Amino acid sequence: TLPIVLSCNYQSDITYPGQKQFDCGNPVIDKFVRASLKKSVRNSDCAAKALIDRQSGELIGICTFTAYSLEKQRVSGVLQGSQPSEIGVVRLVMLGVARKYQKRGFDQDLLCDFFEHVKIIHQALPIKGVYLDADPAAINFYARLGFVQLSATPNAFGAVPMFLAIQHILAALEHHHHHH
């Protein structure tokens, strides 16, 4: 029973079917994948996780992330205990699922594949968690999978800051892995 979708680290020299258009419902994310995805990871501005259909090769979802650091003030109330003045985290800057695959759980399949990559990152370089700026159409999604909202004020766009500590990401990962 071969898997139907595959998780891949996106290669800048590869163009999947649907990548040149990739209608996902977020116009900002849409224009990024169509025109700017190849050059961002070539510069190593970010890393990308892709969801490819094994049969057709179509780009089901994308997920880009960078390294980032936050002051302890923006997280106080979430990171408990004594914490340093600067908090190193992995920032999730984009995660979109193509519209013709939405409402099917591929939203979360990409997040768990991203969580597994965060675990890899954590073993080479310690981080406190994952930070993101959630569009209002996606606050409930990240909140439904552990992320706690830090403020109700959107910065530069409707996006709001959300955070998920590394302890909860690891506990979610080994759960999934201990089951089967």
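Numbering starts at 1 and runs along the sequence shown.
Colleague: Using only the Cα atoms and their B-factors as the entry lists them, report which of 117 to 125 and 145 to 153 averages higher.
Modeller: Averaging CA B-factors over each stretch, the winner is 145 to 153.
Colleague: Look up the CA B-factors in the entry and say which stretch, 69 to 77 or 102 to 110, has the higher mean.
Modeller: If you average the C-alpha B-factors of 102 to 110 and of 69 to 77, the larger mean comes out for 69 to 77.
Colleague: Specify which of 61, 27, 136, 57 carries the largest Cα B factor in the deposited PDB entry.
Modeller: Answer for 61, 27, 136, 57: 136, with the highest C-alpha B-factor.
Colleague: Determine, from the deposited record, the chain-internal third of the Cα B-factor for residue 14: lowest, middle or highest.
Modeller: Lowest third of the chain for residue 14's C-alpha B-factor.
Colleague: If you rank every modelled residue in this chain by C-alpha B factor, which third holds residue 164: lowest, middle or highest?
Modeller: Lowest third of the chain for residue 164's C-alpha B-factor.
Colleague: Residue 90: which third of its chain by C-alpha temperature factor?
Modeller: Its C-alpha B-factor belongs to the lowest third of this chain's values.
Colleague: Split the chain's modelled residues into thirds by Cα B-factor; is residue 140 in the lowest, middle or highest one?
Modeller: Highest third - that is where residue 140 ends up once the chain's C-alpha B-factors are sorted.
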